[PDB]
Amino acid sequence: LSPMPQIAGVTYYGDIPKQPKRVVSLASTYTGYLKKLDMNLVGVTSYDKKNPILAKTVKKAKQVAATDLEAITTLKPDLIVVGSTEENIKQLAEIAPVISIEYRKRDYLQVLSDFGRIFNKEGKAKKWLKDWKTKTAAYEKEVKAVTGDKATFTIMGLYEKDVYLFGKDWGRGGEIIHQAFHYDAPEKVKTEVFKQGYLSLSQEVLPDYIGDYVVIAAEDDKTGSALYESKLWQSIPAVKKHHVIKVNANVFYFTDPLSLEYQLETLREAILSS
């Protein structure tokens, strides 16, 4: 059995195997952490299949939702990984031992070392973390050399007609921009977004939450269109000065090592280019 260490946000159901061989991930937040720890994923989520970075490493995995109990059963998992919002752990636990993670209890870096502790891969985890911290601190200097040290960044995501602001730990590049590069945010973003993590926003207050730079995540090119054509949007200094970094949500939603590596290089190149 796994030693099953007690970790904030981690709940074990059943007897976690010490070396899982057939993992079903039902939480795209964590799939790429498992991948990075060279675990064999035999089921993954829609989001994971849509992630152009991660998808390449899980081609053999079946796409499964939590609602596909029969499909999951057929995969013969020895471990199922879920987010704590999953409402039917009860039936999942009847199929295989389940690990449930409550989002945000541990940070984007701790999550990896935590899995290291659970699954006997603290070596592989600690190597990645050390190199990550090195590379990021270097890149931070490079990017701040261009923008200045006090440049403000806002993280933004578009979905359908919805507009969200994000903080430092709700994906969309906020972990890299706000944590790894230690960029400040506009005042209203800090006081209204950072603690909660995200904020649904009226389009017409947007200028008040954007300073020097803005990172905007979206799943396709069309979703922006009409906002990007608006006078209000076009009146925003950061937009006028081409300080808008448009990124692909299908990878930028996540904070796993694989997604992050790509995000890190993408964001660095974008800022240097400005």
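Superpose the two forms; the largest set of C-alphas matching within 1.5 Å is the rigid core. Position 1 is the first residue in the sequence shown; the rest follow in order.
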{"item": "Stretch departing more from the displayed form, 29 to 37 or 217 to 225, Cα RMS in 5 other deposited structures of this protein (core fit)", "value": "217 to 225"}
{"item": "Core-aligned Cα RMS comparison in 5 other deposited structures of this protein - stretch that moves more, 242 to 250 or 227 to 235", "value": "227 to 235"}
{"item": "163 to 171 versus 143 to 151 - which carries the larger mean C-alpha B factor in the record", "value": "143 to 151"}
{"item": "Selected stretch [higher average CA B-factor]: 53 to 61 or 226 to 234", "value": "226 to 234"}
{"item": "Third of the chain, ranked by Cα B-factor, where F115 sits", "value": "middle"}
{"item": "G123 - which third its CA temperature factor falls in, relative to the rest of the chain", "value": "highest"}
{"item": "Third of the chain's Cα B-factor distribution that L201 belongs to, per the entry", "value": "middle"}
{"item": "Chain third (lowest, middle, highest) by recorded CA B-factor, residue given as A138", "value": "highest"}
{"item": "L34 - which third its CA temperature factor falls in, relative to the rest of the chain", "value": "middle"}
